[PDB]
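Trainee: could you work out the structure for the sequence below:
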Amino acid sequence: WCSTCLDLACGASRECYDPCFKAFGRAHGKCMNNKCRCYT
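Mentor: Numbering: from 1, shown residues only. See the structure here:
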């Protein structure tokens with residue numbers, strides 16, 4: 001289904017930038033399905 005997808009809902013680039021950065025390493029993702037999905 002989703003490879004680089006976190007379990008946190010989107011709503012603030014900063015909110016997902018914390019995890020999306022500590023999980024994948026790069027704060028670069030978007031909000032898909034009420035959830036932030038980072039990509040590489």
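
Trainee: residue 29: how many residues sit nearby?
Mentor: 24 (other Cβ atoms under 10 Å). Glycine gets a C-beta too; all of them are placed from N, C-alpha and C.

Trainee: that one and residue 19 touch, don't they?
Mentor: No: applying Cβ atoms under 8 Å as the test, residue 29 and residue 19 come out as separate, 9.3 Å apart.

Trainee: need the overlap of contacts for those two.
Mentor: Listed as contacting both residue 29 and residue 19 by Cβ atoms under 8 Å, 6 or more residues apart in numbering are 6, 36.

Trainee: check contacts around the nearest residue to residue 29 once chain neighbours are set aside.
Mentor: Here the nearest residue to residue 29 in space, its sequence neighbours aside, is residue 38; by Cβ to Cβ, 6 or more residues apart in numbering that works out to 3.1 Å. The contact partners of residue 38, by Cβ under 8 Å, 6+ apart, come to 4-6, 16, 20, 23-24, 26-29.

Trainee: and residue 38, how far is that from residue 7?
Mentor: 12 Å (Cβ to Cβ, to the nearest Å).

Trainee: number of nearby residues for residue 40?
Mentor: Residue 40 has 9 neighbours, counted by other Cβ under 10 Å.
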